[PDB]
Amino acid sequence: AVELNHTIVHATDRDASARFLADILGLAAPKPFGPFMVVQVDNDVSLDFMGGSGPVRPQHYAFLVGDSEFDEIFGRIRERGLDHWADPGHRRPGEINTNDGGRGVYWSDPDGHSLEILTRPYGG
């Protein structure tokens, strides 16, 4: 009976970064809550975007998506012209990985947060 419920994502432009993630992932538009702009995903966790007082240090947020959703999100990445890579080290641009019997790709948010989607989880 222990779940991760939310975490804060620091941003330069709080509203733009929240809209960016929700748009690319195909989620509902974010909602204001306290000082945050909240992006909700399906396993009962939300990402609370907060505006930046200081240097934004990039974090890593990876999402398990359906096979069809993978194609749609990948299409939006190319549609916006976002650089992307097969690997967390960004040594293989313009490729996807096929780790763990699934498919996965990495890209960056407006502040350089490392974003990643995958279709089959490690282990599970």
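We number the residues from 1 along the sequence you see.
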Please compare 14 to 22 with 108 to 116 and say which has the higher mean C-alpha temperature factor in the record. 14 to 22
Please work out which of 75 to 83 and 46 to 54 has the higher mean CA B-factor as recorded in the PDB entry. 46 to 54
Entry-reported Cα temperature factor of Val41, expressed as the chain third it lands in: middle
What third of the chain, by the recorded C-alpha B-factor, contains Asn97? middle
For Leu64, return the chain-relative third of its C-alpha B-factor as stated in the PDB record: lowest, middle or highest. middle
